[PDB]
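Presented below is the structure to which this report refers.
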Amino acid sequence: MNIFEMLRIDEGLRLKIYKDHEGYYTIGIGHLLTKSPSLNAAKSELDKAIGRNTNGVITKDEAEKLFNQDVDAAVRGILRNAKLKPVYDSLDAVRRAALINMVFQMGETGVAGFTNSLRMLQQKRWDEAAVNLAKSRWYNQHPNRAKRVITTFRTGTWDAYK
Ligand SMILES: [Cl-]
Ligand SMILES: [Cl-]
């Protein structure tokens, strides 16, 4: 299993502009287009992202290209963040994917705000970090996904996804 397959599972694949769980305009494999409530606005960001007049529909290749770019931006992001880097550096391979998953979803800023859980991850106190992670809006609004991520951090294995 690997991060791409992992997120492909958490995000799914949609070729037409849709509303995510928070109600924002997204496409592809979890690619957020805009937080704005305007469809045209969303349409414009898409055209711009893709580089063509899309009319809100893309192809698989196109979805995949944005997904490559977004996973890349996420890794880089983490590696560029003073708070996230040290954590990432401390982890093993599986768990590193789990951290990428969260930053993909919420952004660096978002994740960098889990101060406490982060410190617990750095310290390798898996069951404690897991409990702390669950005490969050993130967990409360997306229980199933958060559980998978959390179990990965707890176990260091891919069982939640197998
Ligand atoms: Cl983009
Ligand atoms: Cl859920």
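Taking the conditions exactly as written (in a helix (DSSP H, G or I) and under 21 Å from residue 25 (Cα atoms)), does residue 132 satisfy them or not?
Spelling it out, it is not the case that residue 132 is in a helix (DSSP H, G or I) and under 21 Å from residue 25 (Cα atoms).
Could you tell me which residue of the range 55-69 is nearest to the chain's Cα centre (by Cα), considering only residues that are surrounded by fewer than 19 Cβ atoms within 10 Å (Cβ to Cβ), of a type outside the set (A, V, I, L, M, F, W, C) and under 19 Å from residue 34 (Cβ atoms)?
69
Checking the conditions here, which among 63, 93, 160 is farther than 19 Å from residue 30 by Cα, aliphatic (A, V, I, L, M) and more than 16 Å from ligand 2 (Cβ to nearest atom)?
None of the others qualify; the one that does is 93.
Here are 63, 98, 49, 42: which of them is among the small types (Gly, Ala, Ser), within 14 Å of ligand 1 (Cβ to nearest atom), under 18 Å from residue 5 (Cα atoms) and in a helix (DSSP H, G or I)?
63 is the lone residue from the list that is among the small types (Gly, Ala, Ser), within 14 Å of ligand 1 (Cβ to nearest atom), under 18 Å from residue 5 (Cα atoms) and in a helix (DSSP H, G or I).
Those residues that are part of a helix (DSSP H, G or I) and surrounded by 15 or more Cβ atoms within 10 Å (Cβ to Cβ), I need them from the range 148-162; list them, please.
Hits for the range 148-162 are 148, 149, 150, 151, 152, 153, 154, 155, 160, 161.
Scan the range 38-48 for residues that are over 19 Å from residue 11 (Cα atoms) and either within 16 Å of ligand 2 (Cβ to nearest atom) or surrounded by 12 or more Cβ atoms within 10 Å (Cβ to Cβ) (or both) and report the count.
So the count comes out to 6.
Give 76, 137, 145 a once-over and let me know the one that is within 16 Å of ligand 2 (Cβ to nearest atom) and surrounded by fewer than 16 Cβ atoms within 10 Å (Cβ to Cβ).
None of the others qualify; the one that does is 137.
Throughout, read-outs are computed from the coordinates displayed, never taken from laboratory work. Don't worry about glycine lacking a Cβ; one is built from the backbone with ideal geometry, like all the others, and counts go over all protein chains shown.
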